[PDB]
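In PDB author numbering, the protein residues as written are 61 to 304, 308 to 404, 409 to 645. For each residue, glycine too, the CB sits at the ideal point set by N, CA and C. Written below as structure tokens is the structure these notes are about.
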Ligand SMILES: Cc1cc2nc3c(=O)[nH]c(=O)nc-3n(C[C@H](O)[C@H](O)[C@H](O)COP(=O)(O)OP(=O)(O)OC[C@H]3O[C@@H](n4cnc5c(N)ncnc54)[C@H](O)[C@@H]3O)c2cc1C
Ligand SMILES: CCCCCCCCCCCCCCCC(=O)O
């Protein structure tokens, strides 16, 4: 009862650890996409104390809410700023792999876009309880659209928010659809509907609420925040899972204020259970540091091997991208133009916010196609059509320069871009360790254009040809001032292949590093129930768990694995046979 004791021990030491004295039945590593879902679900019933440990800040930024601000988000303090390893097969470089560092995670860094892919994508897995039939229902739990309400295929009621994009106000969007209608039999589609083929031109539905970003923080965690049940720790960087014959998860080592550690431990109640949600990048990284991974890889930096699972960090699927762009003949107007000059509009600030949301509702690349380049079982090619002209052959770093475009501006040249993605790529990469330091970046190699048969490079080369075909269509050629971006200089197949490879970039959909398998799956990391093989009380509920990357983008399937898993964990639902 002094004043120095009343301080240097009370207010200070009590405030030192926010986890001292407890006792949690769920500890979520990461406050990203799936984590947000899980926190909502496992905290709903009042009885189970749930803790989420996110390294980033919470999302309060206006740059998250307004979707056109995606550009400002890219090489920012809100991104993990991950760069890969020198890719020999990609002419030196060094590939940037955007990832969210934030509550809501990557769903807050998102290009929005709602894709489930194809029924076949899910059937192609090691299906012990995870067939297209099994997973459809959970897709629907959430949904909530302005595109039907019965559906089969589309629900309403759950917290996700999908809609057709509130900006359209173009004649370049119509120009694209007509150009696609020509250019060879491409029929219209309205995706996610597994009655439909999947291949075809159309609009992508956006993960937005009347033009505002509907990330998983906003939709799952924010309303459920301030439940006595739920402790959300922001700025908390996880170091490892604390483990144990029978390897047993005990909790999680973490650190507020980083490398100047003070290594705190979150403690598990007699129940379970630590569940990983750090993403396809950071989940395998953290597990390797927790001692769960390829032995020898773990031996290399002297960490005790628990489990020994060769699968962790392996089977990284990212779906790479390239680009054709072109300016318009004396038609200076949109989309660059529908919100620039060289300085931000004006009208568009009034259209977004208040006005029920106009252009700047964004993103770019809202609309496009799924295409079979060589009559594959499923479309190998994704086309993303932007009604703006790219100024770099790396689409990501075009966006970065677009954000860096204010007050210095002349005028953004004004035109169109077609981004070409290999949806269901054959090449794979890996996520490893670079040192014994859990605060070091995790050593990525995406392994683009790596497959034996050169299938990825092909699908992408044919994509360029497809794009040019479209550009030369009666409808588009009307608008276009020709000569493209790739260049009239790049004509041969070898010259296309040097261009892509010099220009290849990420369409930002990384999966599969802790893949779910069944029975005796030697390359798998988790079982049927998303367990983790060598360790009890530990699971992954995460993009990392995806056996084969599906067709479109990845958010939607992640917020589905999270739903289904949360249902499994809280009684409510089973997976497989008892
Ligand atoms: C630029 C970009 C655009 C995209 N566009 C689309 C799109 O248009 N449509 C679509 O469907 N999908 C899109 N995606 C994909 C989708 O956002 C992700 O696939 C999905 O969010 C992955 O969910 P996750 O559970 O892995 O969440 P993540 O958000 O990857 O969760 C990881 C979280 O864990 C935290 N974390 C990491 N390490 C630690 C640690 N050591 N301790 C504590 N916390 C940690 C991170 O801060 C992060 O918040 C895009 C992705 C990117 C990067
Ligand atoms: C809304 C800005 C429009 C003007 C800039 C031109 C568009 C750039 C080219 C399109 C490729 C898009 C790459 C983004 C990749 C991603 O979002 O994950």
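Asked                                                                                                                                                                : Found
Using only CA atoms, which one of 540, 451, 92 lies nearest to residue 115?                                                                                          : 92
Do you know how far the Cα of residue 213 is from the Cα of residue 254?                                                                                             : 7 Å
Helix, strand or coil for residue 482, going by three-state DSSP, please let me know.                                                                                : strand
Which class does residue 606 belong to by DSSP, given the choice of helix, strand or coil?                                                                           : strand
Any chance the CB of residue 557 is under 7 Å from a heavy atom of ligand 2?                                                                                         : no
What residue range is occupied by the uninterrupted alpha helix (DSSP H) comprising residue 526?                                                                     : 522 to 538
Helix, strand or coil, according to DSSP, for residue 251 in the structure here?                                                                                     : coil
Let me know the alpha helix (DSSP H) ranges lying completely inside the region 323 to 390, each 4 residues or longer, listed in chain order.                         : 342 to 353
For a test of your reading of the model: does the CB of residue 340 fall under 7 Å from any non-hydrogen atom of ligand 1? Yes or no.                                : yes
Between the C-alpha atoms of residue 603 and residue 211, what's the straight-line distance to the nearest angstrom?                                                 : 39 Å
Straight-line CA distance for residue 102 to residue 246?                                                                                                            : 44 Å
Contact between the region 263 to 276 and the region 173 to 180 is defined here as three or more beta-carbon pairs at a separation below 8 Å; is this criterion met? : yes
Just the C-alpha distance for residue 538 and residue 476, rounded to the nearest angstrom, thanks.                                                                  : 28 Å
Grab the span of the alpha helix (DSSP H) containing residue 569 for me, first residue to last.                                                                      : 560 to 569
Figure out for me which residue from 526, 509, 192 has the closest Cα to the Cα of residue 517.                                                                      : 526
Taking all protein chains shown into account, decide if residue 150 is buried (16 or more other Cβ within 10 angstroms of its Cβ) or exposed.                        : buried
Which residues share a DSSP beta bridge with residue 139?                                                                                                            : 160
Return the chain-ordered ranges of every beta strand (DSSP E) run that is complete within the region 96 to 121 and spans a minimum of 3 residues.                    : 110 to 114
Is it a yes or a no for the region 543 to 551 touching the region 575 to 593, going by three-plus beta-carbon pairs under 8 Å?                                       : no
Taking the CB atoms as reference points, tell me whether residue 592 and residue 292 lie closer together than 8 Å.                                                   : no
Using only the alpha-carbon positions, how far apart do residue 190 and residue 642 sit?                                                                             : 8 Å
Residue 607: buried (16+ other C-beta within 10 angstroms of its C-beta) or exposed?                                                                                 : buried
Hey, quick one: how far does the beta strand (DSSP E) through residue 238 stretch, first residue to last?                                                            : Unbroken run through residue 238 is the alpha helix (DSSP H), 232 to 241; no beta strand (DSSP E).
Looking at residue 616 and ligand 2, is the gap between the Cβ and the nearest heavy atom below 7 Å?                                                                 : no
Could you check what DSSP says for residue 165 in three-state terms: helix, strand or coil?                                                                          : helix
Considering just the uninterrupted stretch of the alpha helix (DSSP H) at residue 466, what are its terminal residues?                                               : 462 to 470
Out of 317, 288, 286, which has the shortest C-alpha to C-alpha gap to residue 299?                                                                                  : 317
Suppose the cutoff is 6 Å on Cβ atoms and the five residues either side in sequence are ignored; what does the same chain contact list for residue 574 look like?    : 382, 384, 488
Quick one: what's got a C-beta closer than 7 Å to residue 620's C-beta in the same chain, skipping five residues either side?                                        : 173, 175, 576
Starting from residue 134, follow the beta strand (DSSP E) in both directions and report where the run begins and ends.                                              : No beta strand (DSSP E) contains residue 134, which DSSP labels as neither H nor E.
Between the C-alpha atoms of residue 232 and residue 378, what's the straight-line distance to the nearest angstrom?                                                 : 38 Å
Report all residues from its chain with a CB closer than 6 Å to the CB of residue 496; omit the five preceding and five following residues, and keep chain order.    : 379, 512, 513, 514
Under the DSSP definition of a beta bridge, which residues are partnered with residue 208?                                                                           : Residue 208 pairs with nothing; no bridge assigned.
Would the beta-carbon of residue 386 fall within 8 Å of that of residue 486?                                                                                         : yes
Near residue 322, which residues of its chain fall below 7 Å by C-beta distance, leaving aside the five closest residues on each side in sequence?                   : 506
Can you check whether the CB of residue 563 is closer than 8 Å to the CB of residue 337?                                                                             : no
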